[PDB]
Amino acid sequence: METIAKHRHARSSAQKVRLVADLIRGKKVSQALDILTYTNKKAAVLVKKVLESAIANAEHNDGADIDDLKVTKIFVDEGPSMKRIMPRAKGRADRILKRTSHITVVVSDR
Amino acid sequence: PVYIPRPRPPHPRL
Amino acid sequence: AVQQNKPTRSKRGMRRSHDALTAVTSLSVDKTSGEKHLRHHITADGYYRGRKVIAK
Amino acid sequence: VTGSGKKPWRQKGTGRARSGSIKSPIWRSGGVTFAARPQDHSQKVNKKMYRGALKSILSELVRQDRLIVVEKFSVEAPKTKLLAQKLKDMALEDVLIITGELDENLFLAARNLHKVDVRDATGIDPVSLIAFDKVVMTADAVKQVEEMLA
Amino acid sequence: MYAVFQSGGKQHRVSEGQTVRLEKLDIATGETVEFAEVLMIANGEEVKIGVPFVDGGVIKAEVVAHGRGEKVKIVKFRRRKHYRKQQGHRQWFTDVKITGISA
Amino acid sequence: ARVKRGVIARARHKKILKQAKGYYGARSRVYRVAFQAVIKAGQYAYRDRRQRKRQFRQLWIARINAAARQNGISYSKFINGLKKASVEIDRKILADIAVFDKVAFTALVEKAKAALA
Amino acid sequence: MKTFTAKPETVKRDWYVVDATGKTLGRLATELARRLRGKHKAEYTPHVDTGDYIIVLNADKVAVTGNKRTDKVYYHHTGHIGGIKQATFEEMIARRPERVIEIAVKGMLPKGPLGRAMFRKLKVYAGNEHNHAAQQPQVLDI
RNA sequence: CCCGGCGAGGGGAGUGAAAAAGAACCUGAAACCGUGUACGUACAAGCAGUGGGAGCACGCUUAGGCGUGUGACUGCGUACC
RNA sequence: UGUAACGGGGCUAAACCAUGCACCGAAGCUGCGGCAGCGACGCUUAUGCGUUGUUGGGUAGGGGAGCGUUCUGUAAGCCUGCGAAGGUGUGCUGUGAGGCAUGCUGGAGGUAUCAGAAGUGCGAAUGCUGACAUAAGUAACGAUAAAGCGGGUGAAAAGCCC
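Residue numbers (PDB author numbering), protein chains in the order written: chain S, 1 to 110; chain z, 5 to 18; chain 0, 1 to 56; chain E, 52 to 201; chain R, 1 to 103; chain Q, 1 to 117; chain J, 1 to 142.
What follows is the structure, encoded as structure tokens:
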């Protein structure tokens, strides 16, 4: 089912958010809320917000009765990296990366 | 970088 | 310290194969209220074993 | 290139490659190794070769039925409509109007037309005798071309 | 039923009624060919050889196709000697159809 | 005039990576390794277009020797008997007989033994 | 046309019994390696295991010629500090009699997964009794 | 209009030929990072290919070979300048 | 560093000598078909050969013949908002650099044939510019003067306030 819910420019690396998103793959929606409630990650709350936005989208614009609903296709693919300068020893400079991540949740009722 | 330092001396081996 | 050559995507995947987090999936039901909570933990409102143990 | 010949870093000690200047063609903000100069592209031809080439292209325009020798050719009024109607009556579309007497009456009312060009009989060129589909000449222009080519 | 014959300098074991790929001859598209080049006729009583061109055996084939084979890329390369050659090659063949195995 | 070598480089790189499709690691994505791999695969194909003939011919010899020792004769005396019997049948078709139909191959072994004695 | 290629499903394998009492070790071992490889079948394929099953009873009763009973040494390295172990023929017969026939077959088989797969066909024993009588292994004399 | 913090960001609605044109904006390649499907892989050693090659899942006309992907096993082969 | 001076298994012939018959064994030779070069040839003639002989591993190097890109003339000609370039795959095709047609995006440009001029074809030069991997979610989070509790604001307080 359509009406996906994406989240552009999340302020975290794509790897740890992906490791959070590997817990819920084809699970129930209320079970996904129960997992993301007590998962002790900042990325867990940051993807629980996107999941609740997807629940609100599903009950607002299209085929509601969340009792029959499944989180089908969640994927976190990396986005732009902000460039920063970190001073180090011996006068040389290193260039750390402020990494972002796109988080797309595709939810379906069938 | 703007300034590349002198490297680290090596084993004498002279 | 300094490597000879870079590893692969396959080596990175076989390294991160054991980095998969484990969910608890064992949320309990309170006797009085019935709210979801963990094992040996109180609820969000302070319920534990039916008794109001926080009194707040 | 606007910029100095200063070396960007040292010759030795650095882990990067060799570097002499920023103006070198392998660098950015700079460029072409062998840059072009405002040279002259006009190359020399002989007089006899050019006159024989004119003889050859007129002899080719004879055998292709593209040369139409006519009588005295002049327009009445400085109007392009009259010349267009006169070329329509002669079934002429893409012609080189080449006359021997460059009058103002024909030189004015032929400039706006694309396929019609009016040149002088002395200053002819081979590319107009080849490129245009028909070459219509006045008999006085034929006499002047025969005198010039000799 | 299966016979053994030479066509293009090589032997072929054939059953009656199948399409056989062999080397291109100077034969037209809708022309049929005969083969006196049989090397074995096999049946419930096998006919073997002590001499070639056994008694009277002739296989009548019907030429179907004169297509060209798959492109094979011969890639010559000699390392550290500044040389390589690239050359493709398609192979002419002929697909024929057998119409009878005579005894 | 300035010539930009953009589209022809794309054409050459896609032409190389079309033939190098299906390789492990960076041998199918990195062009510097893929072109190398196409060259080495061309060398291997040019060697194997003769070594295929070598391996199938010695395989045919192995099949004929196996079926001949099944019928009770060595390979060398069998080929000697076929040479004395003027049999122009190659190793491929005679091995193909020796796999499927044992009756014709058995009669051919008997003919080779009759020509040998 | 295309030549014949055997299939691992279509191979009809057979059980066998080969007596090792009084036989020459190397010739019998080479015959066993030939039969386990499958070089007697006319459908032999070098990448398809077409060998047959062989039971070798009385492996301790094999004999060697000359003085190889007290001089032929089975060397094997443990993968350690450098203590190389050695064992003669008489020491190997009196302790582990299957290992003589086993090494003599394994050294004559090609390395790889297919050689180890045709190596699993080998069913040597020390005594006269074998527990594979339900498959009817016929006697294969040599 | 709704979620979300009278945020950021997203989804409906609408403008627009087009929002696979959203101010990060014409067209959006490759390197890199995934998601969904097919195959192989947890007893097997090496320039990871090539040739042969069982099996599997997809499509065509036929009432069987091809098209394409994976390709166990197997001989040979120690990258380019 | 381990058998480790037949490759190994192993062999009393599966070693060697003398002799013989066969087999295996190269891309060598022959058979089939195709391409290119050279000199003659039956006689065909700006052109392929019924045929014949011979050549065709190759660096540095020399000679010859071609493919692809921009622009110009041809060319205010042709295709084209029922769809041009670029991108992306498929299927044919030439001995080859490549060409042809088409599914999808895209949105207004490209150019047949023949000639001309090149900023004319990248795999390397510890080549340069921009982006992204790798090591790797690893070190580290920058004096070992030290935090603990309650209340308040707030979506969230160990670092904000009392």
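We treat Cβ as the ideally placed atom computed from N, Cα and C, and that holds for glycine.
Taking all protein chains shown into account, do 16 or more other C-beta atoms lie within 10 angstroms of the C-beta of residue i, making it buried, or fewer, making it exposed?
i                          : result
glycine 38 (chain J)       : buried
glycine 100 (chain R)      : exposed
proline 110 (chain J)      : exposed
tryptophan 60 (chain Q)    : buried
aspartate 49 (chain J)     : buried
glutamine 87 (chain R)     : exposed
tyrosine 16 (chain J)      : buried
residue 119 (chain Q)      : Within the shown structure, residues of chain Q are numbered from 1 to 117, placing residue 119 (chain Q) beyond reach of any answer.
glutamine 4 (chain 0)      : exposed
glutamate 43 (chain J)     : buried
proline 137 (chain J)      : buried
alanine 3 (chain R)        : buried
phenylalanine 85 (chain E) : exposed
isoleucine 149 (chain E)   : buried
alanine 201 (chain E)      : exposed
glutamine 135 (chain J)    : exposed
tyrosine 44 (chain Q)      : exposed
How would you list, in chain order, the residues of chain S whose beta-carbon sits under 7 Å from the beta-carbon of residue i?
i                   : result
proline 5 (chain z) : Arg92 and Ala93
Got a sec: is the Cβ-Cβ distance from residue i to anything in chain z below 8 Å?
i                       : result
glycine 82 (chain E)    : no
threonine 53 (chain E)  : no
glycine 71 (chain E)    : no
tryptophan 60 (chain E) : yes
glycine 56 (chain E)    : no
For residue i and chain S, any beta-carbon pair shorter than 8 Å?
i                      : result
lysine 36 (chain 0)    : yes
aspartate 19 (chain 0) : yes
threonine 25 (chain 0) : yes
Are any of the Cβ atoms in chain Q nearer than 8 Å to that of residue i?
i                       : result
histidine 130 (chain J) : no
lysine 48 (chain R)     : yes
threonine 3 (chain J)   : yes
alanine 42 (chain J)    : yes
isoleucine 98 (chain R) : no
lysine 106 (chain J)    : no
Between residue i and chain E, is any beta-carbon pair separated by less than 8 Å?
i                     : result
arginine 10 (chain z) : yes
Can you tell me the Cβ-Cβ gap for residue i and residue j, rounded? I've got them flagged as a contact below 8 Å.
i                      : j                        : result
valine 17 (chain S)    : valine 76 (chain S)      : 5 Å
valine 107 (chain S)   : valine 50 (chain S)      : Actually they are not in contact, since the Cβ atoms of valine 107 (chain S) and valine 50 (chain S) sit about 10 Å apart, beyond 8 Å.
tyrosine 75 (chain Q)  : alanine 68 (chain Q)     : 6 Å
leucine 114 (chain J)  : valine 18 (chain J)      : At roughly 22 Å, the Cβ-Cβ gap does not stay under 8 Å, so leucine 114 (chain J) and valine 18 (chain J) are not in contact.
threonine 30 (chain J) : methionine 108 (chain J) : 6 Å
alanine 65 (chain R)   : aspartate 95 (chain R)   : 4 Å
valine 62 (chain J)    : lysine 121 (chain J)     : The Cβ separation is near 19 Å, so there is no contact.
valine 126 (chain E)   : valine 187 (chain E)     : That pair is no contact at about 14 Å.
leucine 22 (chain R)   : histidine 12 (chain R)   : 7 Å
Consider the Cβ of residue i: report whether some Cβ of chain R lies at a distance smaller than 8 Å.
i                     : result
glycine 42 (chain Q)  : yes
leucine 108 (chain Q) : yes
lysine 18 (chain Q)   : no
Quick one: list the residues of chain R neighbouring residue i, beta-carbon separation under 7 Å, in chain order.
i                      : result
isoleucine 8 (chain Q) : Simply none; closest approach about 17 Å.
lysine 83 (chain Q)    : Going along chain R, no residue has its Cβ under 7 Å from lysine 83 (chain Q), so there is no contact; the nearest lies around 12 Å.
Residue i versus chain J: which residues are under 7 Å apart at the beta carbon?
i                    : result
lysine 113 (chain Q) : The premise fails here: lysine 113 (chain Q) is roughly 18 Å from chain J at the closest Cβ pair, so nothing lies under 7 Å.
Strictly below 8 Å CB to CB, what residues from chain 0 border residue i?
i                      : result
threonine 72 (chain S) : Correct list: empty, because the minimum Cβ distance to chain 0 is about 18 Å.
Less than 8 Å between CB atoms is the rule here; does residue i satisfy it with respect to chain 0?
i                       : result
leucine 19 (chain S)    : yes
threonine 100 (chain S) : no
Quick one: which chain Q residues come within Cβ less than 7 Å of residue i?
i                   : result
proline 8 (chain J) : Per Cβ cutoff of 7 Å: no residues; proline 8 (chain J) is ~17 Å from chain Q at best.
I'd like to confirm something about residue i: is its beta-carbon nearer than 7 Å to some heavy atom of the ligand SAM, or not?
i                     : result
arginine 18 (chain S) : Among the ligands in the structure shown, none appear at all, so the ligand SAM cannot be discussed.
Which bits of chain J does residue i rub up against, with CB to CB less than 9 Å?
i                     : result
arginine 63 (chain Q) : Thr3, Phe4, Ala42, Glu43 and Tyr44
What does residue i touch in chain Q if you count any residue whose Cβ is under 9 Å from its own?
i                      : result
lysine 39 (chain J)    : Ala62, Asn65, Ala66 and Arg69
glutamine 11 (chain R) : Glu88, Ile89, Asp90, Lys92, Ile93 and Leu94
Under 8 Å Cβ-Cβ, which residues of chain R neighbour residue i?
i                   : result
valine 33 (chain Q) : Residues of chain R passing the Cβ test: none, with the nearest at roughly 16 Å.
I want to see whether chain J comes within less than 8 Å of residue i, judged by CB atoms only; does it?
i                    : result
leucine 59 (chain Q) : yes
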